[PDB]
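Student: For reference, the structure I am asking about is given below.
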Amino acid sequence: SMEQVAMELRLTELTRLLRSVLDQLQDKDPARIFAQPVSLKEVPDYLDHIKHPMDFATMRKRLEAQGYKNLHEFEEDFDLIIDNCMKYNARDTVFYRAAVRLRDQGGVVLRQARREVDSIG
Ligand code: NA
């Protein structure tokens, strides 16, 4: 149906917008602390701590399958990256501090992304 096609075009355009958002967030992580999953070979105890691991590569995989239906879903995954780091790592670490700085810088990006998603529909 044409109605199904139109829904598919909208998901495609959301995907484009979330790709640009993902790129902008990831630029705020030049150390690449959050680029890839935590390896269970190097933090064998990780999944005892963190129930839902998340990283930018994982998000990019989902995005490329058009797997985010709305901005809320994408934000949930970005918040997991930050929140998981803040739990596993102590306040005095480069990891915790990098998560705080990513959250703060990322707020800017997401604030305008929400206005654009709402405005374009
Ligand atoms: Na902690």
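Quick note on naming: the chains in the structure tokens go A, B, ... in the order shown, residues restart at 1 in each chain, and ligands are numbered from 1 in order of appearance.
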Which chains and residue numbers are within 10 Å of ligand 1, counting only C-alpha atoms and all ligand atoms, if I want them as a JSON list (two decimals) with N, CA, C and O atoms, in the first residue's frame?
Tutor:
[["chain", "number", "residue", "atom", "x", "y", "z"],
["A", 49, "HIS", "N", 27.65, -6.97, 36.81],
["A", 49, "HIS", "CA", 27.36, -5.61, 37.16],
["A", 49, "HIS", "C", 26.30, -4.93, 36.30],
["A", 49, "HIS", "O", 25.37, -4.24, 36.83],
["A", 83, "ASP", "N", 24.98, 5.87, 31.71],
["A", 83, "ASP", "CA", 24.59, 5.36, 33.01],
["A", 83, "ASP", "C", 25.34, 4.09, 33.42],
["A", 83, "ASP", "O", 25.70, 3.92, 34.60],
["A", 84, "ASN", "N", 25.63, 3.22, 32.49],
["A", 84, "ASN", "CA", 26.36, 1.98, 32.76],
["A", 84, "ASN", "C", 27.78, 2.35, 33.25],
["A", 84, "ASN", "O", 28.31, 1.79, 34.20],
["A", 85, "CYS", "N", 28.39, 3.32, 32.55],
["A", 85, "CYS", "CA", 29.77, 3.78, 32.84],
["A", 85, "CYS", "C", 29.82, 4.38, 34.27],
["A", 85, "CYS", "O", 30.77, 4.13, 35.04],
["A", 86, "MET", "N", 28.84, 5.20, 34.58],
["A", 86, "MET", "CA", 28.74, 5.85, 35.89],
["A", 86, "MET", "C", 28.52, 4.89, 37.02],
["A", 86, "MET", "O", 28.81, 5.25, 38.17],
["A", 87, "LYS", "N", 27.95, 3.72, 36.74],
["A", 87, "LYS", "CA", 27.79, 2.71, 37.77],
["A", 87, "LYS", "C", 29.06, 1.88, 38.00],
["A", 87, "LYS", "O", 29.55, 1.74, 39.14],
["A", 88, "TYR", "N", 29.62, 1.37, 36.91],
["A", 88, "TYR", "CA", 30.75, 0.43, 36.98],
["A", 88, "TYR", "C", 32.00, 1.12, 37.45],
["A", 88, "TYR", "O", 32.79, 0.61, 38.26],
["A", 89, "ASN", "N", 32.16, 2.36, 37.03],
["A", 89, "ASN", "CA", 33.41, 3.10, 37.30],
["A", 89, "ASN", "C", 33.24, 4.11, 38.42],
["A", 89, "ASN", "O", 32.17, 4.75, 38.56],
["A", 90, "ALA", "N", 34.25, 4.34, 39.23],
["A", 90, "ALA", "CA", 34.13, 5.31, 40.33],
["A", 90, "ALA", "C", 34.24, 6.73, 39.88],
["A", 90, "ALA", "O", 34.79, 7.06, 38.84],
["A", 91, "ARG", "N", 33.64, 7.61, 40.66],
["A", 91, "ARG", "CA", 33.78, 9.07, 40.44],
["A", 91, "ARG", "C", 35.13, 9.69, 40.11],
["A", 91, "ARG", "O", 35.21, 10.67, 39.35],
["A", 96, "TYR", "N", 34.46, 7.56, 34.31],
["A", 96, "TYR", "CA", 33.28, 8.26, 34.90],
["A", 96, "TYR", "C", 33.23, 9.67, 34.42],
["A", 96, "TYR", "O", 32.20, 10.16, 33.97]]
Student: Excluding residue A:66 and residues on its chain fewer than 6 positions from it, collect all residues at most 10 Å away from it, counting only C-alpha atoms, and give them as JSON, numbers by chain.
Tutor: {"A": [8, 11, 12, 13, 14, 15, 16, 18, 60]}
Student: Could you save those same residues with C-alpha atoms as a compact mmCIF listing (two decimals), in the first residue's frame?
Tutor:
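out-v2.txt was written with the following content:
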# COMPACT_ATOMS: atom_id res chain seq x y z
CA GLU A 8 8.66 3.52 5.50
CA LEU A 11 11.36 5.79 9.20
CA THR A 12 14.05 6.32 6.61
CA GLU A 13 14.13 10.08 7.16
CA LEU A 14 14.19 9.55 11.00
CA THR A 15 17.13 7.18 10.44
CA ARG A 16 18.96 9.90 8.47
CA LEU A 18 19.53 9.92 13.98
CA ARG A 60 25.14 2.22 14.76
Student: Compare A:56, A:48, A:38, A:2 by their minimum atom-to-atom distance to residue A:26, counting only C-alpha atoms, and give me the closest one.
Tutor: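 For residue A:26, the nearest of the given residues is A:56.
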Student: Go through stretch 10-86 of chain A and collect every residue that DSSP, computed from the backbone, puts in alpha helix (DSSP H); the answer should be as a count of residues only.
Tutor: 47
Student: So, counting only C-alpha atoms, which residue among A:104, A:42, A:77, A:3 is closest to residue A:54?
Tutor: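 Of all the options, A:77 lies closest to residue A:54.
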Student: Which residues are close to residue A:10, i.e. within 10 Å by only C-alpha atoms, leaving aside same-chain residues fewer than 5 positions away? Reply as an mmCIF file with N, CA and C atoms, in the first residue's frame.
Tutor:
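Wrote part.cif, looks like this:
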data_model
loop_
_atom_site.group_PDB
_atom_site.id
_atom_site.type_symbol
_atom_site.label_atom_id
_atom_site.label_comp_id
_atom_site.auth_asym_id
_atom_site.auth_seq_id
_atom_site.Cartn_x
_atom_site.Cartn_y
_atom_site.Cartn_z
ATOM 1 N N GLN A 4 1.651 2.259 3.705
ATOM 2 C CA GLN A 4 2.890 1.569 4.196
ATOM 3 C C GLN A 4 4.150 2.154 3.659
ATOM 4 N N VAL A 5 4.183 2.429 2.350
ATOM 5 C CA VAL A 5 5.316 3.178 1.832
ATOM 6 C C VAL A 5 5.654 4.510 2.473
ATOM 7 N N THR A 15 15.859 7.847 10.453
ATOM 8 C CA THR A 15 17.132 7.184 10.439
ATOM 9 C C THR A 15 18.240 8.107 9.988
ATOM 10 N N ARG A 16 18.012 8.891 8.911
ATOM 11 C CA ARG A 16 18.963 9.897 8.474
ATOM 12 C C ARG A 16 19.284 10.919 9.566
ATOM 13 N N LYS A 69 12.541 3.383 16.134
ATOM 14 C CA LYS A 69 11.232 3.882 15.630
ATOM 15 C C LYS A 69 10.934 5.300 16.023
ATOM 16 N N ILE A 120 9.503 18.469 11.960
ATOM 17 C CA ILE A 120 9.345 17.748 10.664
ATOM 18 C C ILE A 120 8.231 16.685 10.728
ATOM 19 N N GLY A 121 7.899 16.231 11.937
ATOM 20 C CA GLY A 121 6.971 15.117 12.151
ATOM 21 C C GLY A 121 7.705 13.798 11.921
#
Student: Smallest atom-to-atom distance to residue A:71: which of A:25, A:7, A:20, A:113, using only C-alpha atoms?
Tutor: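 Checking each of A:25, A:7, A:20, A:113 against residue A:71, counting only C-alpha atoms, the winner is A:113.
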Student: Name the residues in contact with residue A:106 at a cut-off of 9 Å, using only C-alpha atoms, excluding same-chain residues fewer than 3 positions from it; report them as a list in words.
Tutor: residues 24, 25, 26, 28, 101, 102, 103, 109, 110 and 111 of chain A
Student: Measuring between only C-alpha atoms, which one of A:50, A:40, A:82, A:6 shows the shortest distance to residue A:105?
Tutor: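 Checking each of A:50, A:40, A:82, A:6 against residue A:105, counting only C-alpha atoms, the winner is A:82.
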Student: Can you work out the spacing between atom CA of residue A:37 and atom CA of residue A:57 in Å, to one decimal?
Tutor: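 We find that atom CA of residue A:37 and atom CA of residue A:57 lie 7.4 Å from each other.
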Student: Taking 3 positions as the minimum chain separation for residues in the same chain, which residues sit within 12 Å of residue A:58 when counting only C-alpha atoms? Answer as a compact mmCIF listing (two decimals) with N, CA, C and O atoms, in the first residue's frame.
Tutor:
# COMPACT_ATOMS: atom_id res chain seq x y z
N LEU A 22 23.95 10.70 15.90
CA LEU A 22 24.91 9.72 16.40
C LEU A 22 26.31 10.25 16.11
O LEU A 22 27.22 10.20 16.99
N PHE A 34 33.72 5.21 24.47
CA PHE A 34 32.37 4.58 24.27
C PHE A 34 32.09 3.98 22.85
O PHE A 34 30.95 3.51 22.53
N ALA A 35 33.13 3.93 22.04
CA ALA A 35 33.06 3.46 20.67
C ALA A 35 32.66 2.02 20.48
O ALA A 35 32.03 1.69 19.49
N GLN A 36 33.09 1.10 21.36
CA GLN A 36 32.92 -0.31 21.15
C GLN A 36 32.42 -0.98 22.45
O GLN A 36 32.58 -0.45 23.54
N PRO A 37 31.84 -2.15 22.33
CA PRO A 37 31.41 -2.83 23.56
C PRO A 37 32.53 -3.15 24.51
O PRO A 37 33.69 -3.38 24.13
N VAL A 38 32.21 -3.11 25.79
CA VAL A 38 33.10 -3.67 26.76
C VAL A 38 33.25 -5.18 26.44
O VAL A 38 32.27 -5.97 26.19
N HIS A 52 22.47 -4.44 30.75
CA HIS A 52 22.19 -4.01 29.38
C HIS A 52 23.39 -3.12 28.90
O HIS A 52 23.23 -1.89 28.85
N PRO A 53 24.49 -3.76 28.57
CA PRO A 53 25.65 -3.06 27.93
C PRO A 53 25.26 -2.31 26.65
O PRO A 53 24.32 -2.71 25.94
N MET A 54 25.88 -1.17 26.42
CA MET A 54 25.58 -0.40 25.26
C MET A 54 26.87 0.37 24.90
O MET A 54 27.73 0.59 25.77
N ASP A 55 27.00 0.71 23.60
CA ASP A 55 28.18 1.38 23.04
C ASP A 55 27.76 1.98 21.69
O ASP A 55 26.72 1.59 21.15
N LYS A 61 24.84 -0.21 14.52
CA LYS A 61 24.25 -1.44 13.94
C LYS A 61 22.73 -1.37 13.93
O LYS A 61 22.08 -1.66 12.90
N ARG A 62 22.17 -0.98 15.06
CA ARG A 62 20.70 -0.86 15.16
C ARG A 62 20.18 0.18 14.21
O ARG A 62 19.12 -0.02 13.54
N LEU A 63 20.86 1.30 14.12
CA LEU A 63 20.41 2.40 13.32
C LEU A 63 20.40 1.96 11.87
O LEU A 63 19.48 2.29 11.13
N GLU A 64 21.42 1.22 11.46
CA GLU A 64 21.53 0.85 10.04
C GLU A 64 20.51 -0.18 9.58
O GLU A 64 20.22 -0.28 8.39
N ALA A 65 19.93 -0.91 10.53
CA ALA A 65 18.78 -1.76 10.31
C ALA A 65 17.46 -0.99 10.47
O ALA A 65 16.40 -1.62 10.67
N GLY A 67 16.41 0.34 13.12
CA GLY A 67 15.86 -0.18 14.30
C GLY A 67 15.39 0.78 15.40
O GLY A 67 14.90 0.33 16.41
N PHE A 74 16.24 5.86 20.78
CA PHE A 74 17.65 6.20 20.52
C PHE A 74 18.21 6.81 21.82
O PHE A 74 19.29 6.41 22.28
N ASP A 77 19.16 4.28 24.55
CA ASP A 77 20.42 3.57 24.30
C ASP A 77 21.59 4.55 24.64
O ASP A 77 22.57 4.09 25.23
N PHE A 78 21.48 5.82 24.24
CA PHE A 78 22.57 6.75 24.62
C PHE A 78 22.67 6.86 26.16
O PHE A 78 23.79 6.86 26.75
N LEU A 80 21.99 4.57 28.34
CA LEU A 80 22.61 3.38 28.83
C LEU A 80 24.12 3.47 28.77
O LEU A 80 24.81 3.03 29.71
N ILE A 81 24.64 4.01 27.67
CA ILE A 81 26.11 4.16 27.55
C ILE A 81 26.63 4.93 28.79
O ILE A 81 27.61 4.49 29.46
Student: Ranking A:51, A:45, A:68, A:97 by minimum distance to residue A:17 and counting only C-alpha atoms, which one comes first?
Tutor: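 Smallest distance to residue A:17 is found for A:68.
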